[PDB]
Number of protein chains: 2
Amino acid sequence: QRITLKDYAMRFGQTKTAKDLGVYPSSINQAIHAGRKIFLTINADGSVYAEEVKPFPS
Amino acid sequence: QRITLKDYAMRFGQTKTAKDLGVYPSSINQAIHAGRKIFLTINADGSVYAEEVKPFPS
């Protein structure tokens with residue numbers, strides 16, 4: 001099902017995570033450290049859909 | 001049995017790996033990137049024994 005950003009990066013590595021999410025490695029690293037609740041869905045076509053769940057208001 | 005340095009760091013994290021090996025995180029990171037063949041034995045008392053296998057001469 002959905003995979004946490006942290007678990008994904010551990011499994012697939014920082015480079016692949018960054019490229020799959022369209023961001024720089026620093027963005028991945030910072031979001032993991034921040035403890036943001038980010039969940040990744042691996043799509044059949046190899047694309048990866050990342051979303052964040054956070055309290056409102058920010 | 002023995003665990004690779006890379007797998008250990010993935011499992012236990014960079015901080016714990018560094019402190020268990022008595023080095024700075026940068027030393028762990030550099031050795032993983034270098035692809036050095038480093039193997040860790042988890043001892044019963046919680047100490048961790050790391051050794052490197054490398055061609056001779058260096």
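List of remarks:
- Of all residues in the stretch B:1-21 being crowded, with 17+ Cβ neighbours inside 10 Å and among the β-branched types (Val, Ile, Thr), the one that is nearest to residue A:32 (Cα to Cα): B:17
- Unmet criterion (only one of (1) surrounded by 14 or more Cβ atoms within 10 Å (Cβ to Cβ); (2) more than 26 Å from residue B:33 (Cβ to Cβ)) for residue A:37: (1)
- Filtering the stretch A:6-58 to residues that are within 14 Å of another protein chain (Cβ to nearest Cβ) and among the aromatic types (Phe, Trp, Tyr) leaves A:8, A:12.
Positions of Cβ are generated from backbone atoms using ideal geometry, with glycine treated the same way; all protein chains shown enter the neighbour counts. We did not get these values from a lab; they are worked out from the coordinates using the rules stated.
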